[PDB]
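Comments concern the structure below.
Here Cβ is always computed from backbone atoms with ideal geometry, including for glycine, and neighbour counts include all displayed protein chains. Derivation of every value follows stated rules applied to the coordinates shown; laboratory data play no part.
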Amino acid sequence: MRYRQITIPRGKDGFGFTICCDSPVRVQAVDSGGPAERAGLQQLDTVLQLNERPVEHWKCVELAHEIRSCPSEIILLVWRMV
């Protein structure tokens, strides 16, 4: 049950993953061959931090809005079962 830091540069159409739930937000899915998959994100990853900001505590729609507003890349700290 570990922590991974995942760095995802922006691709042609965003970052290639879906989220669900509030406080904390969870990764729903990851698009096959998209930015997030090859960065190492995976489904069930719980999102603790986006860039400098802890987001334990944020709603799904808040986080999506913030993700879409990052220019170049996101660095997510996630909690996952391994």
Can you give the net charge of the other residues whose Cβ lies under 10 Å from the Cβ of residue 14, counting K and R as +1 and D and E as -1? +1
What's the local net charge at residue 55, with K and R +1, D and E -1, over the other residues with C-beta under 9 Å away? -2
Residue by residue through region 71-76, which ³J(HN,Hα) values in whole Hz follow from phi under the Karplus form 6.51 cos²θ - 1.76 cosθ + 1.60 (θ = phi - 60°), with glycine and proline marked x? x, 10, 7, 10, 10, 9
With each run of n ≥ 4 DSSP H residues scored as -39500 (n - 2.57), what mean residue ellipticity at 222 nm is computed for the chain after dividing by its residue count and rounding to the nearest 500 deg cm²/dmol? -4500 deg cm²/dmol
All other residues with a Cβ under 12 Å from the Cβ of residue 82 taken together, and with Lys, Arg as +1 and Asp, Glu as -1, what is their net charge? +2
